[PDB]
Amino acid sequence: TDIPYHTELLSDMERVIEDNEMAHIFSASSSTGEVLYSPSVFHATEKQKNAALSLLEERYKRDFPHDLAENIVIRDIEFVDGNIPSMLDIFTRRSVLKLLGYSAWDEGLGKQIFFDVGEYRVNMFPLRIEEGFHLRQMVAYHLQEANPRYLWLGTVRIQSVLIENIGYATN
């Protein structure tokens, strides 16, 4: 059997995390942000947010084809204000913890698209598509349900062509 690209992508992203020491950033110990919903939902730190953005840029840009990138100006992935999910939203979306690790970075998972970093599983929940961007509400779930149990990272805005080009690792 041949090794699928998804397997190497997941390994690649794990090595990116390690080279940038992001496991320590996404530890319960380093999750010192202010509370959003007492007792268990906290704001992500600036370092957690910037690490998450950097990891999204790493994943999406590496496979963005050259002929498009010479013809389209690609915007930096960033967080935008607002669209904060409710506590009930966060609770309901914790279904992402039931999924196997191999389903990470798989755009085919719809609502449950996620990636793991350090002690947290980060769900990029679809909010809307507007102009040429995807908006997603990013919440981190502690994988052992320790506290901080939930981290609100923000609504991320990603240029649609970046997601479109990855395709679906599963149907």
Side-chain angles (χ1 to χ4, degrees), residues 6 9-61 75-129 133-159 162-163 166 169:
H6 198 58
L9 168 69
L10 291 198
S11 176
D12 284 350
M13 294 293 106
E14 203 60 47
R15 285 159 82 180
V16 170
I17 284 167
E18 280 328 329
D19 182 62
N20 287 281
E21 304 170 71
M22 291 173 180
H24 183 250
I25 293 161
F26 276 95
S27 73
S29 174
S30 301
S31 293
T32 55
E34 151 181 359
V35 63
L36 171 63
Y37 306 129
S38 191
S40 56
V41 185
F42 294 74
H43 289 282
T45 69
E46 289 302 313
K47 302 222 173 73
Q48 292 174 328
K49 291 182 294 184
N50 295 341
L53 298 174
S54 295
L55 182 63
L56 295 170
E57 297 274 23
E58 280 284 350
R59 194 259 164 299
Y60 286 113
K61 300 317 226 283
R75 326 249 308 241
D76 304 324
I77 300 173
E78 66 186 350
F79 289 113
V80 292
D81 288 329
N83 316 274
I84 309 184
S86 62
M87 170 64 103
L88 170 60
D89 284 344
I90 293 171
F91 177 80
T92 301
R93 290 163 194 188
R94 91 181 179 184
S95 54
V96 76
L97 292 169
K98 288 159 190 303
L99 301 180
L100 310 161
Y102 199 76
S103 301
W105 293 109
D106 183 345
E107 300 296 320
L109 278 36
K111 287 183 292 186
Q112 290 185 127
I113 163 167
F114 74 94
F115 60 89
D116 294 339
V117 54
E119 311 179 347
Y120 286 84
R121 172 155 302 174
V122 181
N123 176 209
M124 322 200 244
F125 191 94
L127 182 64
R128 69 182 169 265
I129 298 190
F133 293 82
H134 275 59
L135 282 66
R136 295 172 175 177
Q137 297 161 301
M138 294 183 71
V139 173
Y141 295 87
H142 193 284
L143 285 151
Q144 318 219 93
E145 299 192 298
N147 203 59
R149 201 175 168 158
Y150 314 105
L151 305 183
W152 169 233
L153 279 154
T155 300
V156 72
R157 194 169 188 240
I158 303 155
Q159 200 158 353
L162 294 177
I163 288 152
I166 301 316

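Worth knowing before you read on, the calculation uses all heavy atoms, side chains too, and leaves out hydrogens, waters and symmetry mates. When a residue number appears, it is its place in the shown sequence, counting from 1.
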Other residues, nucleotides, ligands: >12 heavy atoms within 6.0 Å of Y60 OH:
yes
For [X] and [Y], which heavy atoms make the closest approach, and how far apart are they?
X    : Y    : value
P148 : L151 : CB-CD2, 3.6 Å
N147 : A28  : O-CB, 3.8 Å
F114 : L100 : CZ-O, 3.5 Å
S31  : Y120 : OG-OH, 3.5 Å
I17  : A23  : CG2-N, 3.9 Å
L153 : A52  : CD2-CB, 4.4 Å

According to the interplanar angle, ranging from 0 to 90°, do the rings of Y102 and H6 count as parallel (below 30°), tilted (30 to 60°) or perpendicular (above 60°)?
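Ring orientation of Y102 relative to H6: perpendicular.
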By salt bridge (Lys or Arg N to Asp or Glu O under 4.0 Å), which residues pair with [X], not counting sequence neighbours?
X    : answer
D116 : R121
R136 : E107
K61  : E57
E145 : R149

I'd like a table of donor-acceptor pairs (distance under 3.5 Å, sequence neighbours excluded) in which one partner is a side-chain atom from residues 81-90, with atom names and distances.
from	atom 1	to	atom 2	distance (Å)
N83	OD1	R128	NH1	3.3
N83	ND2	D81	O	3.2
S86	OG	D89	N	2.9
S86	OG	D89	OD1	3.3
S86	OG	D89	OD2	3.2
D89	OD2	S86	N	3.0

With rounding to the nearest 0.5 Å, note down the distance linking [atom1] in [X] to [atom2] in [Y].
X    : Y    : atom1 : atom2 : answer
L10  : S103 : CG    : OG    : 9.0 Å
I158 : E78  : CD1   : CD    : 11.0 Å
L99  : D106 : CG    : CG    : 10.0 Å
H142 : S40  : NE2   : OG    : 13.0 Å
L55  : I25  : CG    : CD1   : 10.5 Å

Got a salt bridge between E46 and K49, using NZ or NE/NH1/NH2 to carboxylate O under 4.0 Å?
yes
Is a side-chain donor or acceptor of [X] paired with a backbone partner of [Y] at a separation under 3.5 angstrom?
X    : Y    : answer
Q112 : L109 : no
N123 : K111 : yes
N20  : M22  : no

Would you say that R59 contacts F115 through its side chain, given a criterion of any heavy-atom pair below 4.5 Å between the two side chains?
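The answer is no; the side chains never approach within 4.5 Å.
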Non-hydrogen side-chain atoms of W152 and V139 separated by less than 4.5 Å
yes
May I have all residue pairs that pass ring pair (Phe, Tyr, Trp, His ring centres under 6.0 Å) and include part of residues 12-41, sequence neighbours excluded?
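Sorted pair list comes back empty.
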Flag for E34-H43: side-chain donor and acceptor within less than 3.5 Å:
no
Using the benzene-type ring in the case of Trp, are the ring centres of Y141 and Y150 under 6.0 Å apart?
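Here the rings of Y150 and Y141 have centres that are less than 6.0 Å from each other.
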